[PDB]
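S.K.:
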Amino acid sequence: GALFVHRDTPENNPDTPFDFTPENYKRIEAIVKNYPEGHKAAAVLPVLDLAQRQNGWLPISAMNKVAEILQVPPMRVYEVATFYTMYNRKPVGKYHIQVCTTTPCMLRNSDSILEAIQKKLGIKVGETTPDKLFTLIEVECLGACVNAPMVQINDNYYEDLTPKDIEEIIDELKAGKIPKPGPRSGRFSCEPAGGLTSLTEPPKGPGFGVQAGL
Amino acid sequence: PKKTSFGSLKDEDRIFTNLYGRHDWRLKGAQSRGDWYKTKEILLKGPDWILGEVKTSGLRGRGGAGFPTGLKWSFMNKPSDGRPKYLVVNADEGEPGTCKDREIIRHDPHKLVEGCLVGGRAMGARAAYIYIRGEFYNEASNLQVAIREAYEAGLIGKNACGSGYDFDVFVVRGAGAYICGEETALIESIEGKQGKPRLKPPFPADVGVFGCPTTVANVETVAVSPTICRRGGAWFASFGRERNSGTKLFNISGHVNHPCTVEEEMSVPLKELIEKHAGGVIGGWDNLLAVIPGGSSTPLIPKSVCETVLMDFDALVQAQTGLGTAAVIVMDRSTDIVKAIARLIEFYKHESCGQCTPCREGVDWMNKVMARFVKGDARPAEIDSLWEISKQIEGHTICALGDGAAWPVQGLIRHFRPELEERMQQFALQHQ
Amino acid sequence: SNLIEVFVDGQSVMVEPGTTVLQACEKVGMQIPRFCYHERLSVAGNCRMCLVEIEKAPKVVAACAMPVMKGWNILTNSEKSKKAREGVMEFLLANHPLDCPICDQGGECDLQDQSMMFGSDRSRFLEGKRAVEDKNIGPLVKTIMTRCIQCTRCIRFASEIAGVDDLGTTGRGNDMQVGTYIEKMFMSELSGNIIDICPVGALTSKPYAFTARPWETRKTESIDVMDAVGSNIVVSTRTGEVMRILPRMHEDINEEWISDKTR
Amino acid sequence: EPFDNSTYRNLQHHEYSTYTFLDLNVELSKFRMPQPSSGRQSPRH
Ligand SMILES: Cc1cc2nc3c(=O)[nH]c(=O)nc-3n(C[C@H](O)[C@H](O)[C@H](O)COP(=O)(O)O)c2cc1C
Ligand code: SF4
Ligand code: SF4
Ligand code: SF4
Ligand code: FES
Ligand code: FES
Ligand SMILES: [K+]
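Chains as they are written, first to last, in the authors' numbering: chain 1E, 4 to 217; chain 1F, 7 to 438; chain 1G, 6 to 268; chain 1s, 31 to 75.
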């Protein structure tokens with residue numbers, strides 16, 4: 004669903020307590036400095052992201068605070084928040100389980116991993132665990148297509164996943180231990196699963212086939 | 007004289023030497039691998055020289071289009087007009103099947119930084135805005151670590167490499183949108199507004215980010231640009247067919263035994279690349295049903311054509327498809343092609359920015375039609391209806407996402423109309 | 006000294022450089038169909054109905070934003086342009102709600118008239134239409150947002166002409182809706198003008214709601230007396246009773262807007 | 031030294047934090063240079 008109409012709730016209201024930590028303020032001012040003078044609105048997307056990091060989700064009070072700190076009308080902030088997917092306009096769990104289901108990643112049976120998540124957490128797609136730990140939601144391509152069906156958790160990618168490995172990942176997250184980012188089998192990042200079909204000789208050092216003039 | 011079987015690229019002549027992170031990705035390892043070497047000479051040679059050697063190299067846009075990189079970059083060789091000039095490196099990487107950009111960012115970021123430097127000098131830009139996607143947080147942090155290393159080393163910043171040039175490389179993070187890969191949509195996303203693409207009566211060379219002239223390139227082309235300057239334009243021109251030169255990062259996935267990413271020369275035989283680098287299709291080449299050459303945008307192609315197809319832009323254009331981003335997606339005989347294409351259309355519907363009518367309304371309609379097709383809830387006439395709808399979408403949208411959503415439907419119809427007909431007949435007989 | 010010669014259906018027209026294709030066509034007399042283009046607001050180019058064919062060019066250009074160049078021959082009535090118009094209007098009419106008998110825009114709806122002239126006579130849409138929750142913006146403009154075609158003309162009018170930046174969009178795809186997100190009435194002296202701006206019945210005059218039909222009201226031109234600007238208005242009266250006040254274009258007094266105290 | 035192609039060394043991304051990107055952007059600002067100014071402090075100004 005994800006209704007794009009903010010209805011005032013006792014938890015999500017303009018009076019909801021929100022602010023920015025002083026270190027977060029310094030990050031905001033650096034981000035603003037990273038843009039040409041007179042176009043401070045260009046910092047809206049990262050600044051809002053900061054409001055996410057120190058709040059998990061984005062309350063409407065954070066929306067208005069971003070508008071104030073960026074001297075931008077609140078409607079533009081609301082628009083950029085509702086448009087982009089990563090901004091969580093509604094409270095979310097600690098571990099956002101995002102499972103890719105596009106064709107390149109579904110072809111290798113991503114549905115098995117999705118069903119393994121559903122069975123392990125007892126949570127259907129689009130809900131949050133009752134203990135507010137995991138939130139299983141479905142996403143489009145996340146960029147790791149050459150890898151087997153991967154899963155994104157908050158900030159970490161986990162590729163080459165097979166139901167058993169993601170069972171380990173989930174119950175390890177339940178125990179507080181962070182799983183090691185990367186494919187959960189063999190291959191480090193993207194090399195051929197069999198061996199190495201290229202880059203076998205040491206790369207040539209400074210100066211190799213350099214044009215004479217240069 | 008002229009190579010016939012363009013393929014089997016050698017290890018010596020490879021732009022990226024650290025695909026799989028086998029060597030130090032910091033400044034020390036990059037310098038060990040020939041990166042950041044003799045950059046001052048390229049900087050002082052002159053922007054016209056860099057642009058001319060890029061044209062000589064014959065580099066075509068490796069981001070999804072096929073525009074000559076030399077011509078597009080020389081579009082900015084105009085004199086100053088008071089407004090600053092900006093180079094922007096697209097790292098959205100939202101097209102399904104694409105995996106190259108992530109690998110180069112997280113394994114060879116210094117090549118990317120040197121690419122921004124040399125490109126900005128060639129086009130006179132004052133700073134670079136590498137727009138990485140929001141998901142690639144680790145990749146963005148690695149890129150920024152390399153940026154900090156280069157800044158400390160003095161290669162970039164004030165007096166870049168001692169050549170008197172002043173360049174900056176900001177990395178703006180995305181927020182989870184595939185349409186942000188579009189250059190004008192990327193420009194507005196950087197500018198703070200939503201990722202809706204802009205119409206192009208004005209061009210980025212005239213009006214871009216913040217209104218100042220901007221030029222959007224791809225991660226791969228800017229990454230190879232310093233290597234193009236160092237090794238030489240003719241050295242790049244040697245590889246690949248005519249007008250289709252250079253080496254490309256092919257991302258092989260789908261139903262391949264060993265999906266991977268390889269830096270192979272252009273106009274390569276598809277069968278040979280699938281067999282050697284990827285390990286062949288699961289169940290052998292006979293078990294191959296279809297191949298998507300360059301990502302969701304490029305229409306799929308059947309095995310009969312896949313038998314002998316070179317992997318250059320023109321060869322796939324003759325094959326009623328496109329090279330796109332060199333995203334090989336193989337589907338075996340155990341694949342529901344209707345289901346896969348419907349999933350692609352669902353992805354496009356979920357990623358449409360909704361600005362213009364043909365993409366906002368048309369793509370959703372195609373999604374519903376394909377959803378009915380997967381269950382065969384239709385009649386033979388709606389196949390032609392879907393073809394007409396796809397044609398109406400084509401050439402009528404602000405950006406190319408409408409065409410990139412219409413092309414898979416056209417390819418699926420053109421190569422598997424009997425499959426849809428038979429599935430529809432099975433549903434009709436079952437519903438009796 | 007700078008006029009460039011452009012062709013419209015073969016006719017040669019002198020146009021000042023920077024003139025868009027739509028204005029060049031208007032010079033001849035042809036009025037390119039449009040929904041998102043208002044001569045007072047900025048150019049948007051999202052409706053895609055101004056898609057016109059340029060000779061020796063295999064791409065239908067957007068006449069609302071494409072500047073003409075020397076030697077162009079705008080084939081307004083070419084088969085390609087007609088097919089483009091038919092396809093775009095099919096896309097527009099796909100998810101539109103069957104509200105013509107209940108919609109006050111009926112009889113003066115741009116969508117209805119352009120469908121009559123530049124559009125097909127049937128539909129090939131055999132699926133379920135969309136529906137959008139209505140939004141409240143005050144006691145003057147009734148909003149039925151399921152009729153919205155997302156031309157973003159109200160947003161541009163609020164941003165530029167009205168100044169207040171409280172209207173905009175939300176979401177993407179087919180679900181991207183035009184509104185205020187949070188509850189906030191669009192309160193301005195020029196608010197009611199959005200009723201004129203909306204080409205469909207999405208934004209309608211609340212006091213006029215369900216009172217008369219456009220084809221039956223007699224229009225009498227007059228001068229506003231509320232303020233001292235003296236805006237020219239059209240009183241639409243039926244059965245010897247005043248029903249609504251519409252703005253009349255003057256380009257000096259009130260452009261084509263009126264205040265809320267006048268409407 | 032022996033060109034150990036068999037191991038992966040890009041493990042520095044494992045020990046990254048929530049603010050690592052922005053924090054590493056912060057102290058990178060002092061190596062930047064004066065941004066250009068368009069005149070007015072905002073398009074609305
Ligand atoms: C929907 C869409 C998505 C795109 N995504 C990307 C992308 O992820 N990366 C990219 O480099 N180019 C992408 N492009 C292409 C750019 O818009 C642009 O043409 C290109 O980056 C220009 O640089 P190039 O000539 O080096 O390819 C996309 C285009 C469209 C229409
Ligand atoms: S084609 Fe789709 S993504 Fe592109 S501008 Fe139109 S609605 Fe937006
Ligand atoms: S806006 Fe026009 S087409 Fe839509 S219901 Fe009203 S009269 Fe009919
Ligand atoms: S409400 Fe009316 S004016 Fe506003 S975008 Fe929708 S159709 Fe256009
Ligand atoms: S398809 Fe699963 S990551 Fe791109
Ligand atoms: S009028 Fe030109 S596209 Fe809307
Ligand atoms: K109206």
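Positions of the beta carbon are idealized from the N, C-alpha and C atoms, including for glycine.
I want to verify the contact list: residues of chain 1F whose CB lies under 9 Å from the CB of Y38 (chain 1s), in sequence order.
M.R.: Position 8 of the fourth sequence holds residue 38 (chain 1s). Within 9 Å Cβ-Cβ: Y26, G27 and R28.
S.K.: Pop quiz: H29 (chain 1F) and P206 (chain 1E) are said to be a contact at Cβ under 8 Å. What is the actual Cβ separation, rounded to whole angstroms?
M.R.: Numbered from its first residue, the second sequence carries residue 29 (chain 1F) at position 23. Numbered from its first residue, the first sequence carries residue 206 (chain 1E) at position 203. Yes, they are in contact, since the Cβ atoms of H29 (chain 1F) and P206 (chain 1E) sit about 7 Å apart, within 8 Å.
S.K.: Please determine whether the Cβ atom of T105 (chain 1E) lies at a distance below 6 Å from any heavy atom of ligand 5.
M.R.: To locate residue 105 (chain 1E), count along the first sequence from 1; it is residue 102. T105 (chain 1E): yes, Cβ under 6 Å from ligand 5.
S.K.: Hey, could you find the ends of the alpha helix (DSSP H) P424 (chain 1F) is sitting in?
M.R.: As a first step, residue 424 (chain 1F) must be located in the second sequence, where it is residue number 418. Segment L407 to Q436, the alpha helix (DSSP H) holding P424 (chain 1F).
S.K.: So that I know if they touch, is there some Cβ in chain 1F lying closer than 7 Å to that of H9 (chain 1E)?
M.R.: In the first sequence, counting from the first residue as 1, residue 9 (chain 1E) sits at position 6. No, no contact with chain 1F.
S.K.: Looking only at its chain, what residues have a beta carbon closer than 8 Å to the beta carbon of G185 (chain 1E), apart from the 5 residues adjacent to it on each side?
M.R.: As a first step, residue 185 (chain 1E) is located in the first sequence; it is residue number 182 there, counting from the start. Result list for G185 (chain 1E): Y160, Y161, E162, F191 and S192, in chain order.
S.K.: Can at least three beta-carbon pairs, one atom from the segment 306-323 of chain 1F and one from the segment 365-372 of chain 1F, be found at a separation below 8 Å?
M.R.: Taking 8 Å as the limit for Cβ pairs, the verdict is that the segment 365-372 of chain 1F does not touch the segment 306-323 of chain 1F.
S.K.: On the three-pair Cβ rule with 8 Å, is the segment 348-363 of chain 1F touching the segment 405-416 of chain 1F?
M.R.: Contact between the segment 348-363 of chain 1F and the segment 405-416 of chain 1F is present, because at least three Cβ pairs lie under 8 Å.
S.K.: Check this for me: beta carbons of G197 (chain 1G) and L145 (chain 1G), under 7 Å apart or not?
M.R.: Locating residue 197 (chain 1G) in the third sequence gives position 192, counting from the first residue. Locating residue 145 (chain 1G) in the third sequence gives position 140, counting from the first residue. Cβ atoms of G197 (chain 1G) and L145 (chain 1G): closer than 7 Å.
S.K.: By the DSSP assignment, the alpha helix (DSSP H) with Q398 (chain 1F) in it spans what residues?
M.R.: By 1-based counting over the second sequence, the position of residue 398 (chain 1F) is 392. Element bounds for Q398 (chain 1F): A387 to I399.
S.K.: Whose Cβ in chain 1F lies nearer than 9 Å to the Cβ of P38 (chain 1G)?
M.R.: Within the third sequence, the letter at position 33 stands for residue 38 (chain 1G). Near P38 (chain 1G) there are no residues of chain 1F at all, since even the closest Cβ is about 13 Å away, more than 9 Å.
S.K.: Would you say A131 (chain 1F) lies against chain 1s (beta-carbon separation less than 7 Å)?
M.R.: The residue given as residue 131 (chain 1F) occupies position 125 in the second sequence. With 7 Å as the cut-off, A131 (chain 1F) does not count as an interface residue toward chain 1s.
S.K.: Using a Cβ cut-off of 7 Å (strictly closer), state whether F96 (chain 1G) contacts chain 1F.
M.R.: Your numbering for residue 96 (chain 1G) matches position 91 in the third sequence. Yes, its Cβ sits closer than 7 Å to a Cβ of chain 1F.
S.K.: So, is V230 (chain 1G) buried or exposed, given that buried needs 16 or more other C-beta atoms within 10 angstroms?
M.R.: As a first step, residue 230 (chain 1G) must be located in the third sequence, where it is residue number 225. Flag for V230 (chain 1G) reads exposed.
S.K.: What is the chain-ordered set of residues for which the beta carbon lies under 7 Å from any non-hydrogen atom of ligand 4?
M.R.: Cβ atoms closer than 7 Å to ligand 4 belong to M150 (chain 1G), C153 (chain 1G), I154 (chain 1G), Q155 (chain 1G), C156 (chain 1G), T157 (chain 1G), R158 (chain 1G), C159 (chain 1G), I160 (chain 1G), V183 (chain 1G), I199 (chain 1G), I202 (chain 1G), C203 (chain 1G), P204 (chain 1G), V205 (chain 1G), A207 (chain 1G) and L208 (chain 1G).
S.K.: Return the bridge partner residues of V57 (chain 1G) from the DSSP annotation.
M.R.: Position 52 of the third sequence, counted from the start, is the residue given in the question as residue 57 (chain 1G). Answer is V66 (chain 1G).
S.K.: In chain order, which beta strand (DSSP E) runs of at least 3 residues are fully inside the segment 136-173 of chain 1E?
M.R.: Correct list: 137-142, 154-156 and 159-161.
S.K.: How about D158 (chain 1E) and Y184 (chain 1F): do their beta carbons lie closer than 7 Å?
M.R.: Locating residue 158 (chain 1E) in the first sequence gives position 155, where the first residue counts as 1. Locating residue 184 (chain 1F) in the second sequence gives position 178, where the first residue counts as 1. Not in contact: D158 (chain 1E) and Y184 (chain 1F) (Cβ atoms no closer than 7 Å).
S.K.: Is it the case that the Cβ atoms of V60 (chain 1F) and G72 (chain 1F) are separated by a distance below 7 Å?
M.R.: Your numbering for residue 60 (chain 1F) matches position 54 in the second sequence. Your numbering for residue 72 (chain 1F) matches position 66 in the second sequence. Contact: no.
S.K.: Would you say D171 (chain 1G) faces chain 1E, with C-beta separation under 7 Å as the test?
M.R.: Position 166 of the third sequence, counting from 1, holds the residue named residue 171 (chain 1G). Yes, because at least one Cβ of chain 1E sits closer than 7 Å to the Cβ of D171 (chain 1G).
S.K.: Would a check of beta-carbon distances place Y49 (chain 1s) closer than 7 Å to chain 1F?
M.R.: Reading the fourth sequence from its first residue, position 19 is the one you call residue 49 (chain 1s). No - not a single Cβ of chain 1F is within 7 Å of the one on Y49 (chain 1s).
S.K.: State the DSSP-derived secondary structure class of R90 (chain 1G), mapped to helix, strand or coil.
M.R.: As a first step, residue 90 (chain 1G) is located in the third sequence; it is residue number 85 there, counting from the start. Three-state result, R90 (chain 1G): helix.
S.K.: Compare the C-beta of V268 (chain 1F) against all C-beta atoms of chain 1E and say whether one is closer than 7 Å.
M.R.: In the second sequence, counting from the first residue as 1, residue 268 (chain 1F) sits at position 262. Yes, its Cβ sits closer than 7 Å to a Cβ of chain 1E.
S.K.: Could you give the distance in angstroms between the alpha-carbon of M254 (chain 1G) and the alpha-carbon of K224 (chain 1G)?
M.R.: In the third sequence, residue 254 (chain 1G) corresponds to position 249, counting from 1. In the third sequence, residue 224 (chain 1G) corresponds to position 219, counting from 1. Going from the Cα of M254 (chain 1G) to the Cα of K224 (chain 1G) covers about 14 Å.
S.K.: Following a CB-centred definition, is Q36 (chain 1G) positioned closer than 6 Å to any heavy atom of ligand 7?
M.R.: As a first step, residue 36 (chain 1G) is located in the third sequence; it is residue number 31 there, counting from the start. Because no heavy atom of ligand 7 lies under 6 Å away, the Cβ of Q36 (chain 1G) does not count as near it: no.
S.K.: With DSSP as the reference, please indicate the residues paired to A296 (chain 1F) in a beta bridge.
M.R.: Position 290 of the second sequence, counting from 1, holds the residue named residue 296 (chain 1F). Paired residues: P308 (chain 1F) and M337 (chain 1F).
S.K.: Quick one: does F61 (chain 1s) have its CB under 7 Å from some CB of chain 1E?
M.R.: In the fourth sequence, residue 61 (chain 1s) corresponds to position 31, counting from 1. No - not a single Cβ of chain 1E is within 7 Å of the one on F61 (chain 1s).
S.K.: Kindly indicate if chain 1G contains any beta-carbon less than 7 Å away from that of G100 (chain 1F).
M.R.: Taking the first residue of the second sequence as 1, we reach residue 100 (chain 1F) at position 94. So no, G100 (chain 1F) is outside the interface.
S.K.: Is it the case that the Cβ atoms of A243 (chain 1F) and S251 (chain 1F) are separated by a distance below 7 Å?
M.R.: The sequence position of residue 243 (chain 1F) within the second sequence is 237, counting from 1. The sequence position of residue 251 (chain 1F) within the second sequence is 245, counting from 1. Yes. Within cutoff.
S.K.: Just by C-beta distance, which residues in the segment 164-190 of chain 1G are closer than 8 Å to chain 1E?
M.R.: Listed in sequence order: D170, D171, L172, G173, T174, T175, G176, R177, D180, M181, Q182, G184, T185, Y186, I187 and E188.
S.K.: Looking only at its chain, what residues have a beta carbon closer than 7 Å to the beta carbon of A159 (chain 1F), apart from the 5 residues adjacent to it on each side?
M.R.: Here residue 159 (chain 1F) refers to the residue found at position 153 when the second sequence is read from its first residue. Cβ neighbours of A159 (chain 1F) beyond the five flanking positions: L33.
S.K.: Within the chosen definition, does the segment 162-175 of chain 1G reach the segment 102-117 of chain 1G through at least 3 CB pairs nearer than 8 Å?
M.R.: With a cut-off of 8 Å, the segment 102-117 of chain 1G and the segment 162-175 of chain 1G do not count as touching, because too few Cβ pairs lie within range.
S.K.: For the segment 216-242 of chain 1G, which segments carrying the alpha helix (DSSP H) assignment without a break, of at least 4 residues, lie completely within its bounds, in sequence order?
M.R.: If we require 4 residues or more, the segment 216-242 of chain 1G turns out to have no alpha helix (DSSP H) run fully inside it.
S.K.: Output needed in chain order: residues of the segment 357-369 of chain 1F with a Cβ under 7 Å from some Cβ in chain 1G.
M.R.: Listed by position along the chain: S358, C359, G360, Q361, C362, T363, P364, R366, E367 and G368.
S.K.: Pop quiz: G214 (chain 1F) and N96 (chain 1F) are said to be a contact at Cβ under 8 Å. What is the actual Cβ separation, rounded to whole angstroms?
M.R.: Residue 214 (chain 1F) sits at position 208 when you count from the first residue of the second sequence. Residue 96 (chain 1F) sits at position 90 when you count from the first residue of the second sequence. The pair is not a contact, with the Cβ atoms about 13 Å apart (cut-off 8 Å).
S.K.: Report the residues of the segment 66-84 of chain 1E with a CB closer than 8 Å to any CB of chain 1G, ordered along the chain.
M.R.: Per Cβ criterion, the list reads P76, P77, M78, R79, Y81 and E82.
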